[PDB]
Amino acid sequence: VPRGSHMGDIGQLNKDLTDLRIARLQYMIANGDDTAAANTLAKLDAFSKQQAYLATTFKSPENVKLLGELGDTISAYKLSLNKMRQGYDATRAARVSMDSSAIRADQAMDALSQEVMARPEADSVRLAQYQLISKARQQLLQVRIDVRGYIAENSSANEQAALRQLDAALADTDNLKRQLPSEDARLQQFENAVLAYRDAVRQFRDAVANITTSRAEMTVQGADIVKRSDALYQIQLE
């Protein structure tokens, strides 16, 4: 109620907003980690609290309505940010799942190779057998490398290359079952693991999509909160 004071209240509102926008970008730079999640939620609530406070203090119909509009956009922001958090949780879960499925696949080919080599036979055929297994192993390590490339850089080109290469590995595994009919049980275990891996890569891809979507929404909500704040500020200054 001091002269000039509401103008300062809005000054604080604007700083809190800037602090939120910066924190949210920092959160993405931190690859959505929990600590930066916590900081971002904090800045959001600080801004939310200021909006609520001023919603009590500002008297004029035009200002209270603007603060109300700000409140609605803050509500939407919270939801969008929640969606981004869920997306980061999902990318993390997909990565854990990709790692675990990768290990299963490797352990199965470990037993495929052993069982296959340790049965007595001609060394001409056993050298040919090992070329097949070796080819399969190296192929799947290349696939992980493509996927890791995609994890580091989220482009549609990295995505599609990893998916295509994964599909080629699954085609080749079905083909190895034909050339190693004794291990058809061991090979399907390998295949099941690689299929589970593909499922996880797909879940990772879908969650990246959700993170980018929520990002675009907060960007829009930001511009709208900025606009309304500017209007509040102009009423006071003038």
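Residue numbers here begin at 1 and follow the sequence given.
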Entry-level comparison of average CA B-factors, 101 to 109 and 156 to 164, reporting the higher stretch: 101 to 109
Segment of higher mean CA temperature factor, 186 to 194 or 63 to 71: 186 to 194
Highest recorded Cα temperature factor - choice among 80, 91, 114, 139: 114
C-alpha B-factor winner, where the candidates are 147, 133, 76, 96: 133
Among modelled residues of the same chain, the CA temperature factor third for residue 35: lowest
CA B-factor ranking of residue 206, expressed as a third of its chain: lowest
Chain third (lowest, middle, highest) by recorded CA B-factor, residue given as residue 230: highest
Residue 50, C-alpha B-factor rank within chain (lowest, middle or highest third): middle
Chain third (lowest, middle, highest) by recorded CA B-factor, residue given as residue 175: highest
